[PDB]
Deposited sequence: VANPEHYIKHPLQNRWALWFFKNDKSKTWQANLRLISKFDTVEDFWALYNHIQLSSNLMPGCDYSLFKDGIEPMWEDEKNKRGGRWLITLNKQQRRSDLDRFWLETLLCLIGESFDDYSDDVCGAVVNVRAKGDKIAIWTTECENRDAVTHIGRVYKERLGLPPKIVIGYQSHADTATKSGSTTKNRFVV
């Protein structure tokens, strides 16, 4: 079977695209692109789509587990939060696409050991002020899951100890205690 079978992933994933258009509400600008659940179909989709550094400002990619929409209001996002990476304009050139790819692999490869089930998905926001990459988890009060996801994520990106990243609750973000956790 190793010669002809695709390699199934532990989860089915959905990639979303956001295009800012002020003619529409925020939710109406969010659209599902396609779904995949094997290694081969992931790479066929990835090689087909623009790199994040090539999207126009105001666009997002979101990769989330099937059945979870990339918004605060989803049942699996209400009580959760995000591990947030902030990139200056220089870092769009040097780190955005490679950090985003590593994030994608952390997701579909379930790199967070027993706490991968706490992972909902990830978002990259391309903006003129500064891009952002985030991993969304399902429970902001789950201290032991969040911290472990934070340490693995940080070392998988190669961020040095001189850098610190923060975890923010969506309830805090949606009301417009900033960082609950830092690693």
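- If you line the structure up with the deposited chain, the stretches without a C-alpha atom are 1-3, 180-183.
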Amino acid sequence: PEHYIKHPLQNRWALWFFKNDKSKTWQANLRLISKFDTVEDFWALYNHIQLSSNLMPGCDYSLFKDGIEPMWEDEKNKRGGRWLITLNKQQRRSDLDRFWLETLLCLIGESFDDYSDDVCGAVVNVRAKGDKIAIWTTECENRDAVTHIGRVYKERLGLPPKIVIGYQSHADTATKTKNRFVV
From here on, numbers count along this sequence of modelled residues.
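Between two forms, the rigid core is the largest collection of C-alphas that superpose within 1.5 Å.
- Note on 86-94 and 103-111: with rigid core alignment, C-alpha atoms in 9 other deposited structures of this protein sit farther from this form for 86-94.
- Remark: when the other structures in 9 other deposited structures of this protein are fitted onto this one via the rigid core, 22-30 deviates more than the alternative among 22-30 and 39-47, judged by RMS CA distance.
- Coordinates for residue 179 are present in every one of the other compared entries of this protein that model residues on both sides of it, well short of the third needed to count it as often missing.
- Look at the C-alpha B-factors of 145-153 and of 60-68. On average they run higher in 145-153.
- Set 154-162 against 22-30 and average the Cα temperature factors; 154-162 ends up higher.
- Comparing the C-alpha B-factors of 115, 136, 46, 36 in the entry, the top value falls on 115.
- For residue 98, the recorded CA B-factor ranks within the lowest third of the chain. Only modelled residues enter the ranking.
- Per-chain ranking of the deposited C-alpha B factor places residue 126 in the middle third.
- In the PDB entry, residue 55 places in the middle third of its chain by CA B-factor.
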